[PDB]
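Next comes just one chain, in structure tokens: the form deposited in one PDB entry.
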């Protein structure tokens, strides 16, 4: 993968008359937590939908893990874990069943980490998924993504709805994931977890890159 998990050059996409992206650039470099900052309407989620192959790009080059995101979106997706901006679960499945189900279509779950993640996020894994408050509904995705085989994490506002302590447990989990050579791309609006976790911030404004570099 040329030791560069992500490499975007001149990305472009229009949604009709709306120019969502107009020349975005990125480069994540095998081992670092990368901050993906920008205003509302910048094009942060859309980029995360282009790396996953859900959406096709009108121009430029994208090289995810050394391959094409659009045509190779099955063998590259078993090295990747994804946390969406809007977390939606199946209302009939249990909380502990969704973790196992989601982690099984990726590279696979790790039962040593799963138990200690459920232990310290304080989740109740025997409870239907339509009774989770906005905060135990995010712990399901966080535990499912942080206990899996993944050499790249694409987190999209992963601490939305977490009280000051469950979002300090998450920082420790990310810090100890970075120790074993895991690459993280972190999109967020809280510039208090970005300072503590991330170096190499990257700020985009209207689909274009306006700032980049180490903190």
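Positions refer to the first chain, counted from 1. Throughout, rigid core stands for the largest set of C-alpha atoms superposing within 1.5 Å between the two forms.
Below, we turn to the form deposited in another entry, even though it does not appear here.
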Point to revise | Candidates 62, 152, 26, 162 - which moves between the shown form and the other one, C-alpha at least 2 Å, core fixed | key: 26
Check your understanding: Knowing the Cα distance between residue 24 and residue 34 changes 3 Å or more in the other form, does it shrink or grow relative to here?
Key -> farther
Review point. Knowing the Cα distance between residue 155 and residue 24 changes 3 Å or more in the other form, does it shrink or grow relative to here?
Key: farther
